[PDB]
Amino acid sequence: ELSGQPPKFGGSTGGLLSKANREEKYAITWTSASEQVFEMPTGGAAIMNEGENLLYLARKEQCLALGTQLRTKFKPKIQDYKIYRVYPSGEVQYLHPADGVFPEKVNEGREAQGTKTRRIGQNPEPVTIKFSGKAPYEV
Amino acid sequence: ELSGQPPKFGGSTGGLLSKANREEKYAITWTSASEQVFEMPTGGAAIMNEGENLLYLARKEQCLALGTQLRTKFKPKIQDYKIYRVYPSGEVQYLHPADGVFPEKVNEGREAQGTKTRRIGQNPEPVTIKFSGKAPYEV
Amino acid sequence: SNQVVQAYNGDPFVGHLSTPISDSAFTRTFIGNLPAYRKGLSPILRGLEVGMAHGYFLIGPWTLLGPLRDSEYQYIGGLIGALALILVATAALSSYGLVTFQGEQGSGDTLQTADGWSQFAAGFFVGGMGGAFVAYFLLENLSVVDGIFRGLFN
Amino acid sequence: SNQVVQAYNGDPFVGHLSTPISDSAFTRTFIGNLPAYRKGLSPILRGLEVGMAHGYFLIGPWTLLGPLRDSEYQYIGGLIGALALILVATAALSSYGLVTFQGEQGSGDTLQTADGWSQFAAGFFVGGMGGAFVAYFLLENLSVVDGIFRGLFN
Amino acid sequence: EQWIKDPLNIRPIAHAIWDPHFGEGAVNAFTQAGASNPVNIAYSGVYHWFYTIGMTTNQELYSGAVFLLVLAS
Amino acid sequence: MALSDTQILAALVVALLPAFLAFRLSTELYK
Amino acid sequence: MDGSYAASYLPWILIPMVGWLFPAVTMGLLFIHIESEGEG
Amino acid sequence: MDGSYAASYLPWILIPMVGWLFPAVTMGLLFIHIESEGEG
Amino acid sequence: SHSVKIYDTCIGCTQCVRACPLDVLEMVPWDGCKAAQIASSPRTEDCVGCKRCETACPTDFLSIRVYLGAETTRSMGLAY
Ligand code: CLA
Ligand code: CLA
Ligand code: CLA
Ligand code: CLA
Ligand code: CLA
Ligand code: CLA
Ligand code: CLA
Ligand code: CLA
Ligand code: CLA
Ligand SMILES: CC1=C(/C=C/C(C)=C/C=C/C(C)=C/C=C/C=C(C)/C=C/C=C(C)/C=C/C2=C(C)CCCC2(C)C)C(C)(C)CCC1
Ligand code: SF4
Ligand SMILES: [Ca+2]
Ligand SMILES: [Ca+2]
Numbered sequence: 003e004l005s006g007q008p009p010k011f012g013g014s015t016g017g018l019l020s021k022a023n024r025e026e027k028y029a030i031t032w033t034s035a036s037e038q039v040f041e042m043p044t045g046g047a048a049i050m051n052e053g054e055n056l057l058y059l060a061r062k063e064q065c066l067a068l069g070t071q072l073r074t075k076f077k078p079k080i081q082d083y084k085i086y087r088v089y090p091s092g093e094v095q096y097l098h099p100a101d102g103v104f105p106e107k108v109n110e111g112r113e114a115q116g117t118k119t120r121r122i123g124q125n126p127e128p129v130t131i132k133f134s135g136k137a138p139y140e141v
Numbered sequence: 003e004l005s006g007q008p009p010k011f012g013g014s015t016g017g018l019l020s021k022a023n024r025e026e027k028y029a030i031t032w033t034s035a036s037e038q039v040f041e042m043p044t045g046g047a048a049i050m051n052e053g054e055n056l057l058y059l060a061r062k063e064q065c066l067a068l069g070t071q072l073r074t075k076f077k078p079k080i081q082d083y084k085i086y087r088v089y090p091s092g093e094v095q096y097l098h099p100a101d102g103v104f105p106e107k108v109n110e111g112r113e114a115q116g117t118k119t120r121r122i123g124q125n126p127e128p129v130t131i132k133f134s135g136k137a138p139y140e141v
Numbered sequence: 004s005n006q007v008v009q010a011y012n013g014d015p016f017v018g019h020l021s022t023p024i025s026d027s028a029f030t031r032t033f034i035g036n037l038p039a040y041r042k043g044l045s046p047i048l049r050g051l052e053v054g055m056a057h058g059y060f061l062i063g064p065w066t067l068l069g070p071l072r073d074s075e076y077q078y079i080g081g082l083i084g085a086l087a088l089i090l091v092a093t094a095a096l097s098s099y100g101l102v103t104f105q106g107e108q109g110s111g112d113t114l115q116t117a118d119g120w121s122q123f124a125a126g127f128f129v130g131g132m133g134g135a136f137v138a139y140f141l142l143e144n145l146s147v148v149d150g151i152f153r154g155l156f157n
Numbered sequence: 004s005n006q007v008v009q010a011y012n013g014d015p016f017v018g019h020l021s022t023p024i025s026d027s028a029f030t031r032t033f034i035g036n037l038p039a040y041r042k043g044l045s046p047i048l049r050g051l052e053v054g055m056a057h058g059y060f061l062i063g064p065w066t067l068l069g070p071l072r073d074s075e076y077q078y079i080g081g082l083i084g085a086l087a088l089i090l091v092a093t094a095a096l097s098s099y100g101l102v103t104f105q106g107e108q109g110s111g112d113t114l115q116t117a118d119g120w121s122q123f124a125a126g127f128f129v130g131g132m133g134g135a136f137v138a139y140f141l142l143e144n145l146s147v148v149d150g151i152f153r154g155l156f157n
Numbered sequence: 075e076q077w078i079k080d081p082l083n084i085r086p087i088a089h090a091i092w093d094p095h096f097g098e099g100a101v102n103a104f105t106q107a108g109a110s111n112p113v114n115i116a117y118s119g120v121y122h123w124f125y126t127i128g129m130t131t132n133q134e135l136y137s138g139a140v141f142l143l144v145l146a147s
Numbered sequence: 001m002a003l004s005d006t007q008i009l010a011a012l013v014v015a016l017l018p019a020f021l022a023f024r025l026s027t028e029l030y031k
Numbered sequence: 001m002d003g004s005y006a007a008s009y010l011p012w013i014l015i016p017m018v019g020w021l022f023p024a025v026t027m028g029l030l031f032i033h034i035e036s037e038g039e040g
Numbered sequence: 001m002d003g004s005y006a007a008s009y010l011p012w013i014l015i016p017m018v019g020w021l022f023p024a025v026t027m028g029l030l031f032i033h034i035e036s037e038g039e040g
Numbered sequence: 002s003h004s005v006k007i008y009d010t011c012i013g014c015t016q017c018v019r020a021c022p023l024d025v026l027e028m029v030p031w032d033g034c035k036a037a038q039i040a041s042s043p044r045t046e047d048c049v050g051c052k053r054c055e056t057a058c059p060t061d062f063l064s065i066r067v068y069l070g071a072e073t074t075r076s077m078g079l080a081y
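Chains as they are written, first to last, in the authors' numbering: chain O, 3 to 141; chain D, 3 to 141; chain L, 4 to 157; chain U, 4 to 157; chain B, 75 to 147; chain M, 1 to 31; chain I, 1 to 40; chain i, 1 to 40; chain C, 2 to 81.
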């Protein structure tokens, strides 16, 4: 299961809506050396506990903005946060960083997806692929 | 289970109400040497069978008044009646006489409950036990 | 034998008697086919039939004996009294249902649940004010009903 | 402590706040005992109570401000406007219920099923036109209601 | 104020009656002490107490009633 | 002179305030 | 019944409100409360 | 229709009772009875 | 339920137990009196509060005392 103490927060109107219990929510866990104040991505300030911290947010982008704040706005840089997607059935899917290494650094075992062996200007004409249901960049 | 023939009775309005099938009823069983007429505690006369007799009543006091009549108003004194409490779940709890001996006679193995090691006049003052929730006789 | 007074449902120790008033065949087939006891009825239909009968008859006492009986608005006053009494009765029925079926719901009578008693109270409301207005509409155009029954228009 | 503003149901990350407007004891005991939320209610009773209140108050705006307000048929025009608005509202309620509960039916609220919402819409219809007609019948014989409240007939 | 003008032959008035049970006879009988509506005649000494303390107008009584409302608040 | 209709309605609007305060006090005394 | 005093429609509306609506509402709420099998 | 005889309101009430209420009630009870799948 | 207490002036005459119509009291062995028995009340949940046992008690300022307390269906003697 997901472990960590929730950061102490007074509550806000910017948090979870019915999409969290209906479709999906997201979780971010991080270890903290001390007790200091961070900015909620839903507006306001929260206090993160010493040790493990588990925060529930509405979008993946909110978790990643929090992770960017953790890496960039703290003098001991918190570089070990994990972002998960949580489904209402209870299944937790690990998202970020997917291979244990931040994606700006290369890692072996990463497969090239979305890569094109042609240049941007050598995509074929749309008139060559009419009534096929596929765009010039998908062929 | 509870065994015995029901005493033959024409029926009366004084018998069981919805408390019998809702909360509890009571049963009295007794062995009879002959067929003779007794007085119902709910008004009227019934005839008790030869052998085992099982009667259902509303209150424990009605069963015990019947048992007092059985011990005192018959020339062969019926001294072997058992009074039970019957729950609508079906569980039958034996009540009287609890240890097999009538309570006016002493029996070993009976524990003294409700007994006070002080006299009636040496109960403490109520003012000594204010805001405690307990009466002078409960301490 | 010839004795018409027996034990109620064969148990002489239940406090009731099988009498020609309480347990005759007419009594069972009449009471058990009243809307409150009729088998297979949805509780809204039970309440509807009960309300129609009750609201229809409750028009009468204030219509003939109320304080407006000697005015030109006699049927009006009878109707307003019947409607207000049906409103109080419906409020009492719904409050009884809210109080009585707080806890667990039985698997027996659908009427004796919170859901069923609320359905019954809704039916009782609709029937009560319907019966009150249909009896008022008969009484306010009583001249037309009289002419219909005497063939005066035809 | 003394802070009356708390997290909503003890979760500070759900986007709501426990406020004296949102989560006071009066708020819970009032909103949760409104017919739409009252525990144990059949959905037809919920719809009936909601419709009675709504149809009763919807008489007023066209009665006092509509285009027939300066004619001899002012209460008539108010009633026809209220009845037509209740008809449109019932059609909207039933179409919402048909759209929303197409698929699987939940095991929670009986109201939030196709069956329950159809029951609620039926109750809303019956209550809306009942409340509209009872407010019209009070307004059209307002002289009688005034004489009743002043004891003029008695 | 009518009792202020003649506090020896005018009956003080406690409050007005609004009872829909009244008939015409009781309406005429309780239309007393110069009123145009059915009223009760006060017997608590209330008019004499507010005359002895210098109050002479209904507006002062209304202002004091609003004052006791906010004091109770 | 007699009071006005607006005076009476303003007094009732004022009386709404001790009504709410009495509700608050009775609710607080209940617990 | 009538009144020469200001806002004479107010007894007309408030005598049934204090005589019927307020006590029926109060006894209904109190009857629901005193039979509540909530916790004890 | 009218009558000079005593209690002329009685045909007024009883002709619809014997023509409508009694036969509708009788055929309703008989229709419920003759389709009763009780025992046989 | 009502409370039935037995104090140490009990002389074991068993009259309170015989007088009790709801089988509240028994007699247990004892040593404080010549009869060597003291009354006991194990079944006070069946006590109705009739105080027949108090009426039967011969010790001056009775050795058995019934105190009416919490009221139940059994204690109010209800057949319904
Ligand atoms: C305080 C006691 C009291 C008083 C004063 C009244 C007073 C009244 N009752 Mg009433 N009633 C009472 C107690 C009382 N009731 C009780 C305890 C019951 C039993 C629950 C009833 C049941 C009852 C019924 C069932 C009816 C009355 C009716 C009446 C009115 C008849 C007088 C009149 O104008 O004739 C006017 C008479 C008529 C308009 C009758 C016309 C014929 C009707 C429609 C029946 C025809 C039968 C026919 C088959 C229907 C066809 C439909 C379908 C089945 C085919 C009058 C206002 C009648 C009424 O209110 O009519 C609106 C009526 O039908 N009473
Ligand atoms: C502002 C909220 C509100 C409004 C407009 C209504 C309106 C209505 N309710 Mg209602 N009710 C409410 C809140 C409300 N209720 C709450 C919170 C409860 C839970 C206790 C109830 C419980 C309740 C019951 C049990 C019943 C109604 C019924 C009714 C209708 C009859 C008219 C009436 O009661 O007088 C107009 C009402 C008001 C001006 C204010 C009412 C607000 C208080 C809280 C209601 C108190 C409950 C009380 C027992 C019901 C009143 C009975 C009535 C004779 C006075 C009417 C549409 C009856 C009905 O026909 O429903 C289908 C009925 O059987 N209500
Ligand atoms: C555009 C805004 C607007 C307008 C113009 C109106 C206009 C009107 N409203 Mg209305 N109203 C509005 C918005 C509006 N409303 C809103 C937003 C609400 C809240 C949801 C209400 C709620 C409301 C209620 C609850 C009532 C009105 C009433 C009225 C009418 C009063 C004028 C009149 O002739 O007195 C005539 C006055 C009466 C006939 C009142 C007589 C006394 C009644 C019956 C209450 C008595 C209480 C008593 C306890 C009931 C006994 C039954 C039982 C509980 C024992 C008038 C047509 C009244 C009405 O339509 O009466 C039919 C009425 O009772 N309004
Ligand atoms: C010939 C068929 C027929 C007839 C006579 C009716 C008649 C009626 N419908 Mg209806 N309906 C129909 C088919 C029909 N419907 C179909 C096929 C649907 C499925 C889409 C619906 C869905 C529907 C809803 C969701 C509701 C009604 C309602 C009503 C009643 C209000 C009056 C009305 O709608 O205007 C008279 C109607 C006609 C002259 C023709 C209607 C035929 C079309 C197909 C209906 C279109 C659906 C539309 C959303 C509902 C109309 C709303 C209205 C304001 C115009 C009325 C008895 C309302 C009601 O009170 O029900 C209890 C309501 O809530 N209807
Ligand atoms: C059928 C008998 C009857 C009835 C019902 C009434 C009814 C009424 N009369 Mg009345 N009257 C009658 C016969 C009757 N009269 C007769 C025969 C006479 C002689 C001619 C009079 C002479 C008379 C006068 C002179 C006056 C009235 C007034 C009144 C009204 C008082 C209403 C009020 O202030 O609030 C409702 C009632 C009370 C607040 C009284 C409270 C008493 C109860 C027992 C308190 C209960 C509290 C308790 C804790 C319960 C819980 C609370 C509850 C909400 C749950 C009311 C409409 C007065 C009026 O017009 O009002 C302005 C007035 O001044 N009447
Ligand atoms: C506690 C003092 C008190 C008493 C005994 C009365 C008594 C009366 N008032 Mg009244 N009133 C009072 C205070 C009081 N008033 C105040 C302070 C105001 C606001 C300025 C009003 C405004 C008022 C109006 C507008 C009307 C009455 C009317 C009436 C009569 C009928 C009842 C009614 O409809 O009340 C209605 C009362 C209100 C809507 C206002 C609420 C009253 C106060 C604020 C609540 C007091 C609660 C109490 C102290 C709590 C303890 C009660 C106790 C049982 C535990 C009756 C003689 C009616 C009348 O004149 O009939 C002829 C009427 O139309 N009163
Ligand atoms: C103190 C308050 C009070 C008041 C103001 C009244 C007032 C009245 N009583 Mg009454 N009464 C009372 C207490 C009271 N009573 C008590 C305490 C008792 C004895 C214990 C009685 C016993 C009594 C009897 C025995 C009778 C009356 C009757 C009457 C009415 C005579 C006129 C009439 O026909 O009304 C007709 C009007 C109504 C009955 C109520 C009208 C209410 C509205 C207009 C209808 C509903 C409107 C709507 C659906 C709800 C609005 C919702 C929202 C806006 C609130 C009159 C309105 C007579 C009666 O009821 O005649 C029918 C009658 O026979 N009284
Ligand atoms: C069997 C003989 C018989 C016949 C053929 C009729 C025929 C008629 N009666 Mg009549 N009547 C009879 C006996 C009979 N009556 C008796 C014994 C009494 C009591 C003294 C009455 C009292 C009576 C009244 C008060 C009225 C009529 C009226 C009428 C006419 C319309 C029907 C109606 O409303 O009945 C209503 C009849 C009753 C309410 C009384 C019940 C009739 C008897 C007791 C039942 C007989 C049942 C039968 C023998 C069983 C076998 C039937 C067969 C099909 C198997 C009709 C001409 C009405 C009239 O005059 O219209 C102009 C009318 O108002 N009758
Ligand atoms: C022998 C009994 C009998 C009687 C008394 C009547 C009487 C009548 N028939 Mg008729 N008819 C009969 C047998 C009878 N028919 C048979 C055997 C046939 C052919 C097989 C016909 C075929 C026939 C046709 C084709 C027509 C009539 C019509 C009429 C009515 C003409 C006036 C009118 O408009 O009524 C209006 C009144 C009613 C239809 C019934 C009124 C009943 C009350 C007032 C309404 C309900 C009240 C309430 C909700 C229920 C009360 C409950 C409780 C008290 C019982 C008249 C009342 C005409 C008609 O129905 O016009 C509308 C018509 O077109 N008749
Ligand atoms: C101020 C206030 C409030 C509000 C309230 C309200 C808003 C009210 C309203 C009221 C209303 C809104 C009322 C209503 C009522 C209604 C009714 C009462 C109805 C009735 C109906 C009827 C009666 C019907 C019937 C019928 C039918 C069904 C059919 C046949 C015929 C008839 C039509 C009769 C609150 C509490 C929140 C808070 C505090 C303050
Ligand atoms: S009070 Fe009555 S029931 Fe209780 S112990 Fe004494 S005699 Fe028995
Ligand atoms: Ca116009
Ligand atoms: Ca009159």
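Beta carbons are placed, not taken as given, at the ideal position from N, Cα and C, and that holds for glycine.
| Asked | Found |
| --- | --- |
| Tell me which same chain residues have a C-beta within less than 7 Å of the C-beta of residue 55 of chain U, skipping the five on either side of it? | 130, 133 and 134 |
| For a contact defined as C-beta to C-beta under 9 Å, what are the partners of residue 102 of chain U on chain L? | Result: empty, since nearest Cβ-Cβ is about 25 Å, beyond 9 Å. |
| Within the present structure, is the beta-carbon of residue 128 of chain U separated from the nearest heavy atom of ligand 4 by less than 7 Å? | yes |
| Tell me, please, which residues DSSP counts as bridged to residue 33 of chain O. | O:54 |
| Mind checking which residues open and close the alpha helix (DSSP H) that includes residue 15 of chain i? | 9-16 |
| What does residue 38 of chain D pair with, by DSSP beta-bridge criteria? | D:50 |
| State the Cα-Cα distance for the pair residue 131 of chain B and residue 1 of chain M, rounded to the nearest angstrom. | 7 Å |
| Using 7 Å as the cut-off, classify the Cβ of residue 43 of chain C as near or not near the heavy atoms of ligand 11, replying yes or no. | no |
| Nearest chain I C-beta to residue 137 of chain B closer than 8 Å, yes or no? | no |
| Look up residue 18 of chain D in the DSSP assignment and give the residues it is bridged to. | L:17 |
| Taking the beta carbon of residue 42 of chain O as the centre, do at least 16 other beta carbons fall within 10 Å, making it buried, or is it exposed? | buried |
| Report the partner residues of residue 57 of chain U according to the DSSP bridge assignment. | According to DSSP, residue 57 of chain U bridges with nothing at all. |
| Give me the Cα-Cα distance between residue 98 of chain D and residue 24 of chain C, rounded to the nearest whole angstrom. | 7 Å |
| Check whether the Cβ of residue 3 of chain M lies closer than 8 Å to any Cβ atom in chain I. | yes |
| Could you give the first and the last residue of the continuous alpha helix (DSSP H) run that contains residue 148 of chain L? | 145-152 |
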